[PDB]
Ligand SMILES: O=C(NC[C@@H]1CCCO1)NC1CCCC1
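Given next, in structure tokens, is a single chain: the form solved without the named molecule.
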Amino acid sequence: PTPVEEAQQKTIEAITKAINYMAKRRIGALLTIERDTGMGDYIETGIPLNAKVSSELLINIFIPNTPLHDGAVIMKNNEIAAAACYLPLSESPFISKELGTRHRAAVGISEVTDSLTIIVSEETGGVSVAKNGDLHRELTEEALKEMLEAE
């Protein structure tokens, strides 16, 4: 593999490891990966990090009752750009009714960007992905990895 390919796989592995840890403990999480549509306006609402990705840092960001856990992490160019970012809340009437603002925020950003957002539910530990205005719920580990690799 090239250097770029190895870096992308390392980042996918760090993400999946962090998501698995948080799903097991039912830690709510919101992680948006910027793609072709620029998201600087939303990145600027959070706490700047421009940090290297690691499963450890992702976990430490989302610990409940900490400064950085409320809001979205936004990743860009293989780094964590910022944490505690605002995302717009979807008004879609087709989101499962039992879901709260975390999932609505993920769907909302997915309606106006080509980004991929991962959500961990604090109620169930379920893992979902928002893209193109739709929420893909109750994902297995393999399903999330396939989505990240496809993206």
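Residues carry their position along the shown sequence, with the first being 1.
We do not show the form solved in complex with the named molecule, though everything after this point is about it.
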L135: heavy atom within 4.5 Å of the named molecule in the deposited bound form? no
At 4.5 Å between heavy atoms, is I33 in contact with the named molecule in the deposited bound form? yes
Near the named molecule in the deposited bound form, with a heavy atom at 4.5 Å or closer, the residues from 3-20 are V4, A7, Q8, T11, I12, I15
